[PDB]
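Okay, so here's the structure we're looking at.
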Amino acid sequence: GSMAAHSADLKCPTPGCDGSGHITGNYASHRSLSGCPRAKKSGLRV
Ligand SMILES: [Zn+2]
């Protein structure tokens with residue numbers, strides 16, 4: 001992606017999210033906050 005996380009583009013920016021799935025539910029995984037199905041979704045940082 002354009003804006004990843006400290007863990008590189010191996011996972012997505014959101015710490016509470018892992019990178020697999022989508023808020024959409026139409027893909028397998030993502031690497032940015034654009035696909036985070038948990039994007040600041042209550043469990044934003046655990
Ligand atoms: Zn994510």
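Following the order of the structure tokens, chains are lettered A, B, ..., residues in each are numbered from 1, and ligands are numbered from 1.
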Please, which residues have at least one atom within 9 Å of an atom of ligand 1, using only C-alpha atoms and all ligand atoms, listed as a PyMOL selection string?
-> chain A and resi 11-23+29-39
